[PDB]
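[1] here is the sequence, then the experimental structure:
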Amino acid sequence: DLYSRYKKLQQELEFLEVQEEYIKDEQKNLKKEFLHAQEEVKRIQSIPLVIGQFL
Amino acid sequence: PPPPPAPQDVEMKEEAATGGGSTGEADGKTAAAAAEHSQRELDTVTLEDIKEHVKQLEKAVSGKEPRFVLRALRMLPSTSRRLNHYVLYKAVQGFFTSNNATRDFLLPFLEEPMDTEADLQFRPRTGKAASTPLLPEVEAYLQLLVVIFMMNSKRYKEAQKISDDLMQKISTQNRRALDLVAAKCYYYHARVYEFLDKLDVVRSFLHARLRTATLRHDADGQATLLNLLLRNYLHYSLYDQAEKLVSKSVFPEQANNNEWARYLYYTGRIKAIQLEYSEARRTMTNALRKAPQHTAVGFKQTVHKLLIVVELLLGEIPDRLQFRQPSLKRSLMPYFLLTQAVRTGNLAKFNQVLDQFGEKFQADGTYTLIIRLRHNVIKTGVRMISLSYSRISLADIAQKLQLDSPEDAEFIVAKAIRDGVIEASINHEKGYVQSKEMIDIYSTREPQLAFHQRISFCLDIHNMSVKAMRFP
Amino acid sequence: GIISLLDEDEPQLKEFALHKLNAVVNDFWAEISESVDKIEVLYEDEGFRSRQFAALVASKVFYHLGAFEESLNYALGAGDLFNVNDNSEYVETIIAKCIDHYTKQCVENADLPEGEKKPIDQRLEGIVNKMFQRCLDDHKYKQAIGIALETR
Amino acid sequence: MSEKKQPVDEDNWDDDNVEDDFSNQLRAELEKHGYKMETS
């Protein structure tokens, strides 16, 4: 099948070229949202701290 | 007959992995190199180089090579019954009578795994069938009925070059097994070929073998055959180092991590013998700190004696004793007094070490050391004394090192300015140096010039650790 | 040192140099790399009627040094005995890159409407219509339509 | 790892590194280094 055995190789190759570009950018955005998550841990408190004790 | 079961066990442990496992690691694998049994088999080849291989004597003669080379067949899933044949033939050595069927009867034994059946398609089984028998034959070079057979066995390995060049007809990357075995066996090629004479048309063998490994399969072949070519041009007359000066294509992944180390060592000996101090001593230094381990007894030692010849030629070397193997001491009986003659400025001792040890200096064979070592003695003198005093006289240093006249001291100081160590000029009336040292030279913006290279080197290694963190 | 023996400015000692070339060129691969300039002198000279062989050993030494587009230039300059070879390293890798240039050239000129192209240099099309007849008269036309893919 | 050309190839001794930084320098000599006082 020397007509399309070797040319269908690019077909499912272009797509993971693009995902190979893509997951990079998703990692580029999740650091941003990781920083947003970490800072939004600290908006509610640790000025107004009340005192109990562990049991 | 109780010890030959240990080769019986390790032999099956080798070709189980190699034959069945790396054939299954060749069928569909090797995304980069999933043939981990290839590195396992090179580990076992180092294991057969530690031990006796299989059947050199082993209290008998010639048991395994007539035995296991039969009947591989790669067929219907009862070829583990051919493995059962391989296992249950082992009553012959323990129980039956051993007979001699190696190094003479091997000539159809190599054709047995082809003349059984159409076994399989891949070449690492063929490289197995012509390597795993015949590499247990090469390390017995007693030159009587054994070396003509290494010669013909590696003529079968030249047929393995032929069936490396014309098998799978393009792009099945079995070269990441066969060049890995072929590095070893082509070194043993060069060994057995040059146990007798220099190799002449094996040079063109090596040239075209470097040519065929250019781009289609450029994996561990180019650098290793280039080590072969380099040591070829090293052992004999020195004409084709201009080939590396015009065709410097010497940069792989530097895979085997010691091949690159000793490669930089050999080309450090090259630049040492071309002409170099700086670049040669830094690649000698990089190969020195790129010594892989000390797990191989005293093999760094002679090669290190020839390694730091250029550091001896610096003149700024102390005694080198931290390297000294005590079994190297009886061979460095010249070399210890030679670095003592580096520390001493005596002239009669500078030529009496030569008059005492010229034969070991010929064992070195690198009288480029002695063609500049007198000049090294006078440069050691000029470095010491010119770092010592600000305004010295040329007469003080001259008739302190027996120069006897002002004008050759002038030529010494002039060729030292030309060689650029210190500022030292001449209060020209009859000589009588007027000079200076150099502190308050610079100390602040000049470090931060080099700190770009410091931290740019650091961030290079950052990204390299990133691209190495990519591997799991 | 085989090129300093060329002060005789005719091709009649260039031919003895080439009779040395096709004898020991693989040993003297170190030697011709400096002689690239005088191989250029041989190619530029139209009075040098063996300029076919000049471009031959030019593409040979550039196949050695790893030049490939100039291997293409002097591969076209090599002549009519260039394509006809059946050898398994040299000629087929360089006609691989040559007809790779043919198909990328026919893509770029298929991306170029109505002319203004780079013309057929006078040593293309040789194994195109000669190995094409191998593909045709081997009675499987899948390469014969694969070129029709590759030319657009 | 023997795969190269090579298959043909502090008691009194690390004190000898500083002593070969000292071997061309004043063995003991003790008189010279005590008689440099009284020549003036």
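    All right, it came through fine. Numbers count the residues shown, from 1 in each chain, chains lettered A, B, ... in the order given.

[2] going forward, measure contacts and count neighbours with C-alpha atoms only.
    Noted.

[3] ok, now which ones touch residue B:10?
    Taking CA atoms under 8 Å, 6 or more residues apart in numbering or on different chains as the definition of contact, residue B:10 has no neighbours.

[4] where's it relative to chain A, distance?
    From residue B:10 across to chain A, the span is 43 Å (CA to the nearest CA, to the nearest Å).

[5] name the element that residue belongs to?
    helix B:5-15 (DSSP states H and E).

[6] next, the buried residues of that helix.
    Along helix B:5-15, these residues count as buried under the neighbour rule (16 or more other CA atoms under 10 Å in any protein chain shown): B:7-8, B:10-12, B:14-15.

[7] and those, which is closest to residue B:462?
    residue B:14 (39.1 Å; CA to CA).

[8] hmm, residue B:39 and that closest one touching each other?
    No - taking contacts as CA atoms under 8 Å, residue B:14 lies outside contact range of residue B:39: 11.5 Å.

[9] neighbours of the closest residue to residue B:431 other than its chain neighbours, how many?
    Counting by CA to CA, 6 or more residues apart in numbering or on different chains, residue B:431 lies nearest to residue B:406, which is 6.4 Å off, once chain neighbours are set aside. Using other CA atoms under 10 Å in any protein chain shown, the number of residues around residue B:406 comes to 16.

[10] how far away is residue B:406 from chain C?
    45 Å.

[11] for residue C:2, see how far away that residue is.
    For residue B:406, the distance to residue C:2 equals 49 Å [CA to CA, to the nearest Å].

[12] helices of chain D, start to end?
    In chain D, the helices defined using DSSP state H lie at D:15-19, D:32-35.

[13] so which elements touch the longest one?
    The one in question is helix D:15-19. Packed against helix D:15-19 by the contact rule (3 or more CA pairs under 8 Å, 6 or more residues apart in numbering or on different chains; DSSP states H and E) you find no helix or strand.

[14] with just CA atoms, put that helix into CSV.
    Once non-C-alpha atoms are left out, helix D:15-19 reads as follows in CSV (Å, rounded to 0.1, in the frame of the first residue of the first chain):
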residue,chain,number,x,y,z
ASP,D,15,54.2,14.4,54.5
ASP,D,16,56.3,13.9,51.3
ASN,D,17,54.0,16.2,49.4
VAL,D,18,54.9,19.2,51.6
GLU,D,19,58.4,17.7,51.8
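
[15] that older thread, select, out of the helices of chain D, the one closest to residue B:350.
    helix D:15-19 (20.0 Å).

[16] list the buried residues of the closest one.
    For helix D:15-19, by 16+ other CA under 10 Å, it's residue D:17.

[17] go on, stretch B:193-209?
    Buried, per 16+ other CA under 10 Å, within stretch B:193-209: B:193, B:199, B:203, B:206-207, B:209.

[18] same check, this time on stretch C:41-61
    Of the residues in stretch C:41-61, C:42-43, C:48, C:50-61 count as buried by neighbour count, 16+ other CA under 10 Å.

[19] ok, is that stretch in contact with chain B or not?
    No - Stretch C:41-61 lies apart from chain B when judged by CA under 8 Å from any CA of the partner chain; the minimum separation is 10.6 Å.

[20] can you check stretch C:63-80 too?
    Yes - with CA under 8 Å from any CA as the criterion, chain B is reached by stretch C:63-80 at C:64-65.

[21] for residue B:336, which non-adjacent residue is spatially closest?
    Nearest residue to residue B:336 in three dimensions, chain neighbours excluded: residue B:319, at 7.7 Å (CA to CA, 6+ apart).

[22] run a quick neighbour tally on that neighbour.
    Neighbour tally, residue B:319, other CA under 10 Å: 19.

[23] right, and chain A sits closest to which residue of chain C?
    Residue nearest to chain A within chain C: residue C:142 (5.6 Å; CA to the nearest CA).

[24] list the contacts of residue B:379.
    Residue B:379 sits next to B:315, B:416 when contact means CA under 8 Å, 6+ apart.

[25] and residue B:30, that's in a helix?
    No - the assignment for residue B:30, made by DSSP: H, G, I helix; E, B strand; the rest coil, is coil rather than a helix.

[26] and it, what does it touch?
    Going by CA under 8 Å, 6+ apart, residue B:30 touches residue B:173.

[27] quick one, strands of chain B?
    Using DSSP state E, the strands of chain B run over B:425-426, B:433-434.

[28] can you put the ones you listed in JSON lines and add mean neighbour count and distance to residue B:24?
    Listed next are the strands of chain B as JSON lines, based on neighbours: other CA atoms under 10 Å in any protein chain shown; distance: least, CA to CA, whole Å:
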{"stretch": "strand B:425-426", "mean neighbour count": "18", "distance to residue B:24": "75"}
{"stretch": "strand B:433-434", "mean neighbour count": "18", "distance to residue B:24": "79"}
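
[29] closest to chain C out of those strands?
    Judged by CA to the nearest CA, the one of those that comes nearest to chain C is strand B:425-426, at 42.7 Å.

[30] distance to chain C for the buried residues of stretch B:193-209 - can I get that in a markdown table?
    As requested, those are exported to a markdown table (distance: CA to the nearest CA, whole Å):
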| residue | distance to chain C |
| --- | --- |
| B:193 | 19 |
| B:199 | 13 |
| B:203 | 8 |
| B:206 | 11 |
| B:207 | 7 |
| B:209 | 11 |
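
[31] what residues does chain B have near chain D?
    Counting by CA under 8 Å from any CA, the residues of chain B that sit close to chain D are B:46, B:184, B:187, B:262, B:295-296, B:299, B:302-303, B:318-322, B:340, B:343-344.

[32] indicate the residue of chain A located nearest to chain D.
    residue A:20 (39.5 Å).

[33] could you measure from that residue over to residue A:14?
    10 Å.

[34] what does residue B:59 give?
    With CA to CA as the criterion, residue B:59 and residue A:14 are 63 Å apart.

[35] and what of residue D:18?
    67 Å.

[36] residue A:35 now?
    As judged by CA to CA, residue A:35 and residue A:14 stand 33 Å apart.

[37] what do you get for residue D:22?
    71 Å.

[38] how about residue B:279?
    Taken as CA to CA, the span from residue B:279 to residue A:14 is 46 Å.
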